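Read through the structure below, which is laid out as structure tokens, and then see the notes.
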Amino acid sequence: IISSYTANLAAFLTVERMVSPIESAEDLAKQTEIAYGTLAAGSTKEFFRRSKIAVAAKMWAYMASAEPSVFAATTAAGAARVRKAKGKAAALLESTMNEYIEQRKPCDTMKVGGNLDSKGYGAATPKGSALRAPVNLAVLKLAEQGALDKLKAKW
Amino acid sequence: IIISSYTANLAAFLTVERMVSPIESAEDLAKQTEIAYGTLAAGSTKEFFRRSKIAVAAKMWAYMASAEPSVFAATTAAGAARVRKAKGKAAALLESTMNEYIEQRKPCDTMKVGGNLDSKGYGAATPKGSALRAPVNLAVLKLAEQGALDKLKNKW
Amino acid sequence: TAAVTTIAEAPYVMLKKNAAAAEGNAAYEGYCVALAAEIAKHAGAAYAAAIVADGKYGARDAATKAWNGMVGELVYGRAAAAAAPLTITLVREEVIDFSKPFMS
Amino acid sequence: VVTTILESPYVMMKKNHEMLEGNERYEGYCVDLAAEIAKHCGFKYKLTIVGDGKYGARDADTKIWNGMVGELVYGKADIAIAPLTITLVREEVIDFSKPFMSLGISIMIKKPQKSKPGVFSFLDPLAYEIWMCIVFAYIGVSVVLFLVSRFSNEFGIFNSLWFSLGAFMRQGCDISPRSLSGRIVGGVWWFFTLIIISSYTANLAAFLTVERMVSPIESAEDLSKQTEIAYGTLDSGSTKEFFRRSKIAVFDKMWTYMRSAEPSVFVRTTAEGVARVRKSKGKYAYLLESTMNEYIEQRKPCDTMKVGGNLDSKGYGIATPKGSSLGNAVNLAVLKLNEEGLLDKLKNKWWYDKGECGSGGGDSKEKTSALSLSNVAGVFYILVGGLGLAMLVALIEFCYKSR
Amino acid sequence: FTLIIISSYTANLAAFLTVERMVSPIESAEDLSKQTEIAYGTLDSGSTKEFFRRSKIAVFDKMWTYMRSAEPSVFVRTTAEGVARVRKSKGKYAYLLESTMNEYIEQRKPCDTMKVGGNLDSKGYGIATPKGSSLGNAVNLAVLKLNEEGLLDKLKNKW
Ligand SMILES: O=c1[nH]c2cc(C(F)(F)F)c(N3CCOCC3)cc2n(CP(=O)(O)O)c1=O
Ligand SMILES: O=c1[nH]c2cc(C(F)(F)F)c(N3CCOCC3)cc2n(CP(=O)(O)O)c1=O
Ligand SMILES: O=c1[nH]c2cc(C(F)(F)F)c(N3CCOCC3)cc2n(CP(=O)(O)O)c1=O
């Protein structure tokens with residue numbers, strides 16, 4: 001009895017120690033028992049459909065067919081589904097919204113792993129207008145002086 | 001402290017040795033990088049990998065293209081020798097039938113692991129539009145049915 | 001009669017011991033000789049084994065479209081049945097007509 | 001006008017077949033094959049599923065072909081892009097492509113899962129030979145200690161067996177040897193017990209930490225020798241006819257077993273066969289076509305698996321009637337598709353990408369659980385047995401001493 | 001009590017010896033400023049150097065005023081010398097370079113280094129074109145389409 005208590009205690013400690021959380025998209029691709037869902041219709045689902053990547057297509061093949069609907073209708077619903085799933089659901093949303101939710105909301109969720117693709121926001125102006133060059137200069141000069149990094153770190 | 005340490009490290013030895021997984025498929029050999037694998041210099045196997053359009057196959061080709069030593073072997077006799085001398089470092093990629101001949105009718109220093117990656121076959125070809133073009137296709141198809149094509153393989 | 005074109009050396013067809021003692025096709029023995037005996041009884045051909053001299057399986061050279069070896073020895077009418085391990089490939093197929101595989 | 005067949009992984013009817021019906025919208029591996037064979041050889045084809053619903057065969061008296069052979073010999077359709085086991089009879093009436101897929105008679109067994117821990121499992125971390133050597137080493141050490149203390153002193157045989165047993169079970173010793181030759185024995189037996197107990201604890205920890213499952217049977221060459229596992233075919237077809245017409249030693253044995261064995265090992269249908277394999281324990285093995293087995297092991301509940309190589313190889317073709325001008329337009333295209341790595345990609349997608357389960361995700365998935373009473377109860381039995389025996393010998397000694 | 005404690009010690013030591021976990025000493029730049037036990041240096045003169053001087057964020061001003069006055073010279077003559085110094089010193093040196101160069105370096109032999117933490121301030125690489133060119137607007141759309149098709153990412157991934 002004493003020998004089999006010590007051996008099993010070593011089994012608990014060893015197995016608990018070699019546990020690895022889902023850190024990147026590749027790990028979530030190889031792993032198959034937690035479900036990940038995007039918005040019903042948006043720039044991210046169409047991304048996956050149009051994407052031709054072994055990892056991405058593997059995910060899209062997964063999200064195409066699932067006994068529950070992995071897709072969520074609203075991003076508010078998507079946040080709730082992950083919280084209630086207790087680790088089962090893994091939403092795929094834009095990085096800025098992820099960093100806003102994990103920070104200015106009760107910390108039940110977190111963002112793990114680098115973003116998969118790239119995008120960008122721009123203070124657009126109508127085609128062929130007189131506020132094109134000065135606005136482009138204003139944005140570039142703001143970013144150089146960090147007035148866009150001081151603002152992001154604020155809100 | 002010394003006795004507790006002895007028991008703990010012995011348990012570590014046994015546990016680690018128990019979770020040993022040999023390279024069994026092509027995917028496992030592709031992910032793992034400790035073992036170098038090399039095809040023949042010029043042949044249908046290398047041209048397969050060059051023309052291969054599969055990510056796992058391309059991953060091997062990207063590896064096999066550049067290596068500090070020449071992973072490629074000039075002769076299939078050389079390829080067998082390189083694996084034996086490398087003591088697990090070299091993993092030749094040859095056709096299934098030759099692999100099964102070498103691991104069997106040669107001193108068992110090597111073995112074949114994992115299913116074959118691609119497919120092909122050996123016909124008993126006849127000149128185009130010849131008079132005996134069919135009574136050979138029929139002959140092969142009957143031999144394969146009665147096993148005379150499988151008794152012979154199990155023999156040699 | 002017909003002339004068969006098998007490759008020289010393999011696990012398939014080999015030189016038996018006392019090769020000089022024996023004569024004709026009987027000097028040769030192997031898997032693909034045992035096979036090319038069975039096919040005779042199903043197609044009636046009375047042959048005499050004749051190994052390719054070059055010792056290559058064959059491909060059209062890039063400079064000159066000249067097939068070599070067994071797939072060459074067949075196209076040019078030198079000998080008919082290629083009772084030997086020719087991989088069934090597209091390029092050989094467009095020139096020569098195979099059988100269904102006897103091995104995969 | 002090309003026929004087909006309804007086998008699920010090859011030509012399937014999608015959800016809401018009423019809305020999506022006909023050649024315009026079908027799903028299947030053979031469907032993509034037909035699409036690509038048309039892309040390489042542009043032609044007008046309409047997907048006309050076989051009316052009979054089965055593959056070719058001829059009745060001895062009727063002498064007619066039915067299914068995708070009758071639909072081709074009698075000009076009812078152009079070709080047949082569907083799994084046809086290339087064979088002598090079919091070839092004699094159709095013109096077969098080069099095999100676009102090769103296969104064989106695989107072996108299907110239930111996935112090996114951890115059994116209930118048996119009684120007397122506590123002595124698993126050490127082999128049987130080690131346990132027996134431990135017993136006889138203890139009995140040798142006690143005898144030698146007795147002889148040593150009785151050359152040159154309460155170490156009688158009874159009182160020395162107790163000392164050796166006390167020293168092994170780590171419990172403190174009542175007395176200790178005083179001479180030199182007794183102390184040598186004491187010291188070396190102490191070392192021995194220390195090493196053995198450390199080895200037992202460590203190997204048990206290894207057993208509990210990483211679990212390693214092994215397939216009970218590897219290949220039919222050993223499945224014939226086992227004979228404690230019942231293995232069965234379909235009722236009648238290529239498999240049963242193959243086994244009866246076989247002449248190799250192993251296969252002839254595997255047929256002689258199944259010809260005379262009760263109950264009915266032969267299964268009415270493949271669905272019943274897989275249901276029987278899944279329901280029963282590892283005592284049932286199923287011998288089916290390699291492709292069907294590979295496909296089945298991927299769908300839910302993923303409770304089965306394929307073990308061993310293919311027993312006998314045969315390929316699938318693309319039939320075409322003898323006089324067709326399309327007869328040679330398919331050989332070359334099939335060979336090119338095979339060489340381009342497109343057919344393999346198609347099969348890979350259709351079978352693994354549309355797979356209910358994945359191997360890598362659950363590769364480790366390791367979780368450890370508390371030792372239930374089932375694991376240990378083999379020692380509770382021994383404890384109570386020893387207590388009963390002790391009371392028994394106490395009464396025997398009492399009755400003998402009273403008279 | 002003593003039985004439980006000795007069993008716990010032996011079991012946890014076995015866990016330590018069986019599977020080993022390595023933790024990065026430093027995670028992000030804020031913790032790197034807080035630690036100050038590890039000396040971190042930039043290149044001598046350049047954007048990655050001039051950024052810290054013209055920076056007013058709380059953490060970055062600390063990370064500058066540290067390396068502004070510290071001996072010896074943390075500032076490195078060239079990136080090759082910086083990576084050589086990081087490889088040489090076991091753990092006392094951290095190098096602040098462009099993200100792309102770091103990601104590329106950690107892939108090359110001997111693969112003795114790694115990149116930790118997010119990007120401190122974002123920049124972009126473009127495709128320059130002189131103002132009056134008729135090719136000026138023929139590249140914006142091409143770049144955006146290449147980015148959207150998943151081709152540029154495929155290129156970077158492969159190479
Ligand atoms: O039709 C062909 N028949 C082949 C037959 C053999 C074998 F029978 F096994 F000898 C081999 N080998 C396997 C690899 O090691 C060397 C020999 C290759 C063949 N190849 C490809 P090649 O390497 O270009 O000759 C063919 O195309
Ligand atoms: O020409 C034939 N082609 C066949 C093709 C298949 C499959 F590939 F699976 F689609 C099958 N199945 C085997 C078990 O899974 C379901 C049906 C049977 C075929 N049969 C009858 P057999 O004689 O029992 O092989 C033929 O005659
Ligand atoms: O336009 C510029 N583009 C630059 C691009 C690179 C890189 F991407 F790495 F190639 C670099 N390097 C940083 C370290 O790795 C080697 C050279 C410097 C650049 N600089 C000089 P900076 O002003 O010091 O950044 C520019 O001016």
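Convention: chains lettered A, B, ... in structure tokens order; per-chain residue numbering from 1; ligands numbered from 1 as shown.
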Note to self: Neighbours of ligand 2 at 6 Å or closer, counting only C-alpha atoms and all ligand atoms: which residues, as a list in words?
What the structure shows: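 Within the 6 Å cut-off, the matching residues are residues 7, 55, 83, 84, 85, 237, 238, 289 and 292 of chain D.
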What would the file look like if the residues just selected were written as a PDB file, in the first residue's frame with N, CA and C atoms?
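Written out: selection_17.pdb:
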```
ATOM      1  N   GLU D   7     -21.975   3.216 -52.792  1.00  0.00           N
ATOM      2  CA  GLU D   7     -21.106   3.053 -51.633  1.00  0.00           C
ATOM      3  C   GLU D   7     -20.741   4.409 -51.050  1.00  0.00           C
ATOM      4  N   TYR D  55     -22.874  -4.862 -58.497  1.00  0.00           N
ATOM      5  CA  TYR D  55     -21.786  -5.022 -59.444  1.00  0.00           C
ATOM      6  C   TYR D  55     -22.037  -6.246 -60.313  1.00  0.00           C
ATOM      7  N   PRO D  83     -15.940   1.641 -58.059  1.00  0.00           N
ATOM      8  CA  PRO D  83     -15.042   0.553 -57.666  1.00  0.00           C
ATOM      9  C   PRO D  83     -15.446  -0.787 -58.245  1.00  0.00           C
ATOM     10  N   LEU D  84     -14.693  -1.258 -59.226  1.00  0.00           N
ATOM     11  CA  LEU D  84     -14.833  -2.609 -59.748  1.00  0.00           C
ATOM     12  C   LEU D  84     -13.560  -3.371 -59.423  1.00  0.00           C
ATOM     13  N   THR D  85     -13.695  -4.432 -58.645  1.00  0.00           N
ATOM     14  CA  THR D  85     -12.578  -5.331 -58.429  1.00  0.00           C
ATOM     15  C   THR D  85     -12.206  -5.961 -59.759  1.00  0.00           C
ATOM     16  N   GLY D 237     -18.942 -14.071 -51.032  1.00  0.00           N
ATOM     17  CA  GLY D 237     -18.452 -13.009 -51.893  1.00  0.00           C
ATOM     18  C   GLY D 237     -17.015 -13.267 -52.273  1.00  0.00           C
ATOM     19  N   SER D 238     -16.302 -12.183 -52.570  1.00  0.00           N
ATOM     20  CA  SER D 238     -14.894 -12.318 -52.916  1.00  0.00           C
ATOM     21  C   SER D 238     -14.104 -12.915 -51.761  1.00  0.00           C
ATOM     22  N   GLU D 289     -12.452  -5.799 -47.110  1.00  0.00           N
ATOM     23  CA  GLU D 289     -11.614  -5.077 -48.057  1.00  0.00           C
ATOM     24  C   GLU D 289     -10.890  -3.944 -47.354  1.00  0.00           C
ATOM     25  N   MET D 292     -12.610  -0.352 -47.338  1.00  0.00           N
ATOM     26  CA  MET D 292     -13.777  -0.203 -46.483  1.00  0.00           C
ATOM     27  C   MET D 292     -13.364  -0.120 -45.023  1.00  0.00           C
TER      28      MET D 292
END
```
Notebook entry, point to check: segment 85-95 of chain C: which residues within 6 Å, counting only C-alpha atoms, same-chain residues fewer than 6 positions away excluded, as a ChimeraX atom specification?
Noted result: /B:121-122 /D:335
Next item on the list: Write out as an MDAnalysis selection string every residue belonging to chain A that has an atom at most 12 Å from any atom of chain B, counting only C-alpha atoms.
Entry: chainID A and resid 3 6:11 14:15 53:55
Site check for ligand 1: residues at most 7 Å away, only C-alpha atoms and all ligand atoms, as a JSON list (two decimals) with N, CA and C atoms, in the first residue's frame:
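So part_3.json came out as:
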```json
[["chain", "number", "residue", "atom", "x", "y", "z"],
["B", 42, "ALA", "N", 19.97, 9.69, -58.78],
["B", 42, "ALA", "CA", 19.06, 9.92, -59.90],
["B", 42, "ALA", "C", 18.14, 8.72, -60.04],
["B", 43, "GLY", "N", 16.84, 8.96, -60.00],
["B", 43, "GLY", "CA", 15.88, 7.88, -60.11],
["B", 43, "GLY", "C", 14.47, 8.41, -60.02],
["B", 44, "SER", "N", 13.52, 7.48, -60.10],
["B", 44, "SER", "CA", 12.12, 7.87, -60.01],
["B", 44, "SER", "C", 11.73, 8.32, -58.61],
["B", 45, "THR", "N", 12.50, 7.93, -57.60],
["B", 45, "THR", "CA", 12.18, 8.34, -56.24],
["B", 45, "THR", "C", 12.55, 9.79, -55.98],
["B", 76, "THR", "N", 22.45, 2.09, -54.82],
["B", 76, "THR", "CA", 21.58, 1.48, -53.82],
["B", 76, "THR", "C", 22.35, 0.54, -52.91],
["B", 94, "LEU", "N", 13.64, 3.80, -50.36],
["B", 94, "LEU", "CA", 13.69, 2.98, -51.56],
["B", 94, "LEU", "C", 12.35, 2.31, -51.78],
["B", 95, "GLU", "N", 12.23, 1.63, -52.92],
["B", 95, "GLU", "CA", 10.98, 0.98, -53.27],
["B", 95, "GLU", "C", 10.67, -0.16, -52.32],
["B", 97, "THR", "N", 9.51, -3.25, -52.67],
["B", 97, "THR", "CA", 9.95, -4.61, -52.93],
["B", 97, "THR", "C", 11.43, -4.80, -52.61],
["B", 98, "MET", "N", 12.27, -3.84, -52.98],
["B", 98, "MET", "CA", 13.68, -3.95, -52.62],
["B", 98, "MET", "C", 13.87, -3.89, -51.12],
["C", 10, "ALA", "N", 18.83, -8.74, -60.35],
["C", 10, "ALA", "CA", 17.86, -8.24, -59.39],
["C", 10, "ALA", "C", 17.62, -9.31, -58.33],
["C", 57, "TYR", "N", 16.50, 0.27, -67.90],
["C", 57, "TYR", "CA", 15.09, -0.02, -68.12],
["C", 57, "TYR", "C", 14.54, 0.78, -69.29],
["C", 85, "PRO", "N", 10.45, -6.52, -64.32],
["C", 85, "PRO", "CA", 9.78, -5.46, -63.56],
["C", 85, "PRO", "C", 9.80, -4.09, -64.19],
["C", 86, "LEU", "N", 8.96, -3.83, -65.19],
["C", 86, "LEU", "CA", 8.82, -2.50, -65.75],
["C", 86, "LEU", "C", 7.73, -1.75, -65.00],
["C", 87, "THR", "N", 8.08, -0.66, -64.35],
["C", 87, "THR", "CA", 7.06, 0.15, -63.71],
["C", 87, "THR", "C", 6.08, 0.64, -64.76],
["C", 88, "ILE", "N", 4.79, 0.57, -64.44],
["C", 88, "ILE", "CA", 3.75, 1.03, -65.35],
["C", 88, "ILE", "C", 3.67, 2.55, -65.22]]
```
Check: Counting only C-alpha atoms, which residues from chain A have an atom at most 10 Å from any atom of chain D, and could you show them as number ranges by chain?
Finding: A: 1-16, 18-19, 27-34, 57-59, 61-62, 65-66
If DSSP is run on the backbone, what residues of segment 25-147 of chain E are strand (DSSP E)? A reply as an mmCIF file with N, CA, C and O atoms, in the first residue's frame would be ideal.
```
data_model
loop_
_atom_site.group_PDB
_atom_site.id
_atom_site.type_symbol
_atom_site.label_atom_id
_atom_site.label_comp_id
_atom_site.auth_asym_id
_atom_site.auth_seq_id
_atom_site.Cartn_x
_atom_site.Cartn_y
_atom_site.Cartn_z
ATOM 1 N N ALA E 39 21.471 42.981 -18.418
ATOM 2 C CA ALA E 39 21.799 44.162 -19.199
ATOM 3 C C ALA E 39 21.340 43.955 -20.633
ATOM 4 O O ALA E 39 21.651 42.932 -21.247
ATOM 5 N N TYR E 40 20.600 44.927 -21.158
ATOM 6 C CA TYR E 40 20.013 44.861 -22.486
ATOM 7 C C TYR E 40 20.510 46.025 -23.324
ATOM 8 O O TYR E 40 20.471 47.174 -22.879
ATOM 9 N N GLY E 41 20.959 45.729 -24.535
ATOM 10 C CA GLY E 41 21.573 46.732 -25.378
ATOM 11 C C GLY E 41 21.036 46.702 -26.792
ATOM 12 O O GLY E 41 20.566 45.677 -27.281
ATOM 13 N N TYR E 93 22.682 39.235 -21.293
ATOM 14 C CA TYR E 93 22.505 40.174 -22.391
ATOM 15 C C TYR E 93 21.220 39.884 -23.151
ATOM 16 O O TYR E 93 20.945 38.733 -23.502
ATOM 17 N N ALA E 94 20.446 40.938 -23.405
ATOM 18 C CA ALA E 94 19.250 40.891 -24.230
ATOM 19 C C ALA E 94 19.361 41.959 -25.304
ATOM 20 O O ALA E 94 19.730 43.098 -25.017
ATOM 21 N N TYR E 95 19.036 41.596 -26.538
ATOM 22 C CA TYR E 95 19.261 42.452 -27.693
ATOM 23 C C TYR E 95 17.921 42.891 -28.268
ATOM 24 O O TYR E 95 17.011 42.070 -28.418
#
```
Next item on the list: List all protein, DNA and RNA residues that have any atom at most 8 Å from ligand 3, counting only C-alpha atoms and all ligand atoms, and write the list as a PyMOL selection string.
Entry: chain E and resi 45-49+79+97-98+100-101+125
Next item on the list: Write down as a PyMOL selection string the residues of segment 2-148 of chain B whose backbone DSSP state falls under helix (DSSP H, G or I).
Entry: chain B and resi 2-18+26-31+44-51+55-65+76-86+96-102+134-146+148
Margin query: Residues near residue 74 of chain C, anyone? I mean within 9 Å using only C-alpha atoms, not counting same-chain ones fewer than 6 positions away, as a ChimeraX atom specification.
Written below: /B:125-128 /C:5,80-82,96
Next item on the list: Residues of chain C no more than 9 Å from chain B, counting only C-alpha atoms: send them over as a VMD selection string.
Entry: chain C and resid 11 to 12 30 to 31 34 to 35 38 to 45 71 74 to 77 79 to 89 95 to 104
Residues from last step as file, N, CA, C and O atoms, as a compact mmCIF listing (two decimals), in the first residue's frame:
```
# COMPACT_ATOMS: atom_id res chain seq x y z
N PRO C 11 16.72 -9.08 -57.37
CA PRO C 11 16.07 -10.22 -56.69
C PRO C 11 15.22 -11.05 -57.61
O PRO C 11 14.78 -12.14 -57.22
N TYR C 12 14.94 -10.55 -58.82
CA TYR C 12 13.98 -11.18 -59.72
C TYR C 12 14.63 -12.27 -60.56
O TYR C 12 14.30 -13.44 -60.41
N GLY C 30 15.24 -17.41 -61.56
CA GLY C 30 14.81 -16.34 -60.69
C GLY C 30 13.30 -16.30 -60.60
O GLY C 30 12.61 -17.17 -61.14
N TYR C 31 12.80 -15.29 -59.90
CA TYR C 31 11.36 -15.11 -59.78
C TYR C 31 10.72 -14.85 -61.13
O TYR C 31 9.76 -15.52 -61.52
N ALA C 34 10.66 -17.89 -63.33
CA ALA C 34 9.59 -18.80 -62.95
C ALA C 34 8.25 -18.29 -63.44
O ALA C 34 7.42 -19.06 -63.94
N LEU C 35 8.01 -16.98 -63.31
CA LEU C 35 6.80 -16.39 -63.86
C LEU C 35 6.74 -16.59 -65.37
O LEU C 35 5.80 -17.20 -65.88
N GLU C 38 5.25 -19.69 -66.40
CA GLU C 38 3.82 -19.87 -66.23
C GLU C 38 3.04 -19.23 -67.37
O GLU C 38 2.07 -19.82 -67.87
N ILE C 39 3.44 -18.03 -67.79
CA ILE C 39 2.71 -17.32 -68.84
C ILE C 39 2.76 -18.10 -70.15
O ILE C 39 1.83 -18.01 -70.96
N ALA C 40 3.80 -18.89 -70.36
CA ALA C 40 3.88 -19.68 -71.58
C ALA C 40 2.70 -20.63 -71.69
O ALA C 40 2.04 -20.70 -72.74
N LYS C 41 2.39 -21.35 -70.61
CA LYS C 41 1.30 -22.31 -70.64
C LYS C 41 -0.07 -21.66 -70.78
O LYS C 41 -1.04 -22.37 -71.06
N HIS C 42 -0.18 -20.35 -70.60
CA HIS C 42 -1.44 -19.66 -70.80
C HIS C 42 -1.53 -18.95 -72.14
O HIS C 42 -2.64 -18.59 -72.56
N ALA C 43 -0.40 -18.72 -72.81
CA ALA C 43 -0.40 -18.09 -74.12
C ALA C 43 0.27 -18.94 -75.19
O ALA C 43 0.29 -18.53 -76.36
N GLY C 44 0.83 -20.09 -74.84
CA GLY C 44 1.34 -21.03 -75.82
C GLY C 44 2.68 -20.68 -76.42
O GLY C 44 3.17 -21.45 -77.26
N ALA C 45 3.30 -19.58 -76.01
CA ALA C 45 4.56 -19.16 -76.59
C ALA C 45 5.70 -20.09 -76.16
O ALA C 45 5.84 -20.42 -74.98
N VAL C 71 12.50 -1.38 -72.67
CA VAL C 71 11.47 -0.61 -73.36
C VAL C 71 11.99 -0.14 -74.71
O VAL C 71 11.20 0.23 -75.58
N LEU C 74 11.89 -3.45 -77.07
CA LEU C 74 10.53 -3.78 -77.49
C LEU C 74 10.07 -2.93 -78.66
O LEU C 74 9.54 -3.45 -79.64
N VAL C 75 10.27 -1.61 -78.57
CA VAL C 75 9.72 -0.71 -79.58
C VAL C 75 10.33 -0.99 -80.95
O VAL C 75 9.62 -1.02 -81.96
N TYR C 76 11.63 -1.22 -81.00
CA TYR C 76 12.34 -1.42 -82.26
C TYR C 76 12.16 -2.82 -82.81
O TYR C 76 12.86 -3.19 -83.76
N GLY C 77 11.26 -3.61 -82.25
CA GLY C 77 10.96 -4.92 -82.80
C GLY C 77 12.00 -5.98 -82.54
O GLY C 77 11.89 -7.08 -83.10
N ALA C 79 12.61 -7.72 -79.78
CA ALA C 79 11.99 -8.85 -79.09
C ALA C 79 10.72 -8.38 -78.39
O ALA C 79 10.58 -7.21 -78.05
N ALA C 80 9.79 -9.32 -78.20
CA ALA C 80 8.40 -8.97 -77.87
C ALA C 80 8.12 -8.79 -76.38
O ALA C 80 7.91 -7.66 -75.91
N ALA C 81 8.13 -9.87 -75.61
CA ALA C 81 7.57 -9.85 -74.26
C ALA C 81 8.63 -9.42 -73.25
O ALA C 81 9.71 -9.99 -73.19
N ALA C 82 8.30 -8.40 -72.45
CA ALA C 82 9.24 -7.83 -71.48
C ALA C 82 8.99 -8.37 -70.08
O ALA C 82 8.71 -7.62 -69.14
N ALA C 83 9.15 -9.69 -69.91
CA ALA C 83 8.78 -10.37 -68.67
C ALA C 83 9.77 -9.99 -67.58
O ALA C 83 10.67 -10.75 -67.21
N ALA C 84 9.60 -8.78 -67.05
CA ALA C 84 10.55 -8.22 -66.09
C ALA C 84 9.90 -7.00 -65.44
O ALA C 84 8.91 -6.49 -65.95
N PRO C 85 10.45 -6.52 -64.32
CA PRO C 85 9.78 -5.46 -63.56
C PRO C 85 9.80 -4.09 -64.19
O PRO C 85 10.55 -3.23 -63.74
N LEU C 86 8.96 -3.83 -65.19
CA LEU C 86 8.82 -2.50 -65.75
C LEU C 86 7.73 -1.75 -65.00
O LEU C 86 6.57 -2.17 -65.04
N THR C 87 8.08 -0.66 -64.35
CA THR C 87 7.06 0.15 -63.71
C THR C 87 6.08 0.64 -64.76
O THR C 87 6.47 1.06 -65.85
N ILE C 88 4.79 0.57 -64.44
CA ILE C 88 3.75 1.03 -65.35
C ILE C 88 3.67 2.55 -65.22
O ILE C 88 3.12 3.07 -64.25
N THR C 89 4.23 3.25 -66.20
CA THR C 89 4.29 4.70 -66.16
C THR C 89 3.68 5.28 -67.43
O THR C 89 3.52 4.58 -68.43
N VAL C 95 3.96 4.77 -75.50
CA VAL C 95 4.73 4.11 -76.54
C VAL C 95 4.47 2.61 -76.58
O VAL C 95 4.36 2.03 -77.66
N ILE C 96 4.37 1.97 -75.42
CA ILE C 96 4.25 0.53 -75.34
C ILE C 96 3.00 0.19 -74.54
O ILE C 96 2.51 0.99 -73.74
N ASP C 97 2.47 -1.00 -74.77
CA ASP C 97 1.23 -1.45 -74.14
C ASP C 97 1.56 -2.51 -73.10
O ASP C 97 2.14 -3.55 -73.43
N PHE C 98 1.16 -2.26 -71.86
CA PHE C 98 1.48 -3.14 -70.74
C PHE C 98 0.43 -4.23 -70.57
O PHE C 98 -0.42 -4.47 -71.43
N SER C 99 0.52 -4.92 -69.44
CA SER C 99 -0.52 -5.75 -68.88
C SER C 99 -0.95 -5.15 -67.55
O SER C 99 -0.45 -4.12 -67.12
N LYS C 100 -1.91 -5.80 -66.91
CA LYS C 100 -2.28 -5.38 -65.57
C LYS C 100 -1.16 -5.78 -64.61
O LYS C 100 -0.48 -6.79 -64.84
N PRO C 101 -0.95 -5.02 -63.55
CA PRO C 101 0.22 -5.26 -62.70
C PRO C 101 0.24 -6.68 -62.17
O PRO C 101 -0.80 -7.25 -61.86
N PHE C 102 1.43 -7.28 -62.13
CA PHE C 102 1.60 -8.52 -61.40
C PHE C 102 2.15 -8.29 -60.01
O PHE C 102 2.40 -9.25 -59.30
N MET C 103 2.33 -7.04 -59.61
CA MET C 103 2.84 -6.72 -58.29
C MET C 103 2.69 -5.23 -58.08
O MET C 103 2.81 -4.44 -59.02
N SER C 104 2.40 -4.84 -56.84
CA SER C 104 2.24 -3.44 -56.49
C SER C 104 3.17 -3.10 -55.35
O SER C 104 3.65 -3.99 -54.63
```
Next item on the list: Pull out every residue of chain D that has at least one atom within 10 Å of chain B, counting only C-alpha atoms, and report them as a ChimeraX atom specification.
Entry: /D:86-89,91-92,98-102,194-195,197-212,242,245-248,309,311-314,335,338-342,344-345
Next item on the list: Using atom CA of residue 233 of chain D and atom CA of residue 288 of chain D as the two end points, give the distance in Å to one decimal.
Entry: 6.8 Å
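Between atom CA of residue 63 of chain D and atom CA of residue 6 of chain D the separation is 25.0 Å.
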Excluding residue 12 of chain D and its own-chain neighbours fewer than 4 positions away, which residues fall within 9 Å of it when counting only C-alpha atoms? Please give them as a compact mmCIF listing (two decimals) with N, CA, C and O atoms, in the first residue's frame.
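Contents of part_17.txt, freshly written:
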```
# COMPACT_ATOMS: atom_id res chain seq x y z
N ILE D 5 -22.21 3.69 -58.31
CA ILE D 5 -22.78 2.84 -57.27
C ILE D 5 -22.88 3.68 -56.01
O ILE D 5 -22.30 4.76 -55.91
N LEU D 6 -23.63 3.18 -55.03
CA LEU D 6 -24.06 3.96 -53.88
C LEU D 6 -23.14 3.85 -52.67
O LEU D 6 -23.51 4.33 -51.59
N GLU D 7 -21.97 3.22 -52.79
CA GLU D 7 -21.11 3.05 -51.63
C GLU D 7 -20.74 4.41 -51.05
O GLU D 7 -20.37 5.33 -51.78
N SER D 8 -20.84 4.52 -49.73
CA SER D 8 -20.87 5.83 -49.08
C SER D 8 -19.64 6.68 -49.36
O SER D 8 -19.80 7.84 -49.75
N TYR D 26 -23.58 16.14 -56.98
CA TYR D 26 -23.32 14.92 -56.23
C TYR D 26 -22.04 15.07 -55.43
O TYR D 26 -21.18 15.90 -55.75
N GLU D 27 -21.92 14.27 -54.38
CA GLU D 27 -20.73 14.23 -53.55
C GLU D 27 -20.17 12.82 -53.54
O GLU D 27 -20.91 11.84 -53.50
N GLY D 28 -18.85 12.73 -53.58
CA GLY D 28 -18.18 11.45 -53.49
C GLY D 28 -16.80 11.49 -54.10
O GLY D 28 -16.45 12.39 -54.86
N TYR D 29 -16.00 10.50 -53.73
CA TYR D 29 -14.67 10.37 -54.31
C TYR D 29 -14.76 10.06 -55.80
O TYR D 29 -14.09 10.70 -56.62
N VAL D 31 -17.12 10.84 -57.68
CA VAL D 31 -17.65 12.03 -58.35
C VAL D 31 -16.50 12.95 -58.75
O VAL D 31 -16.44 13.43 -59.89
```
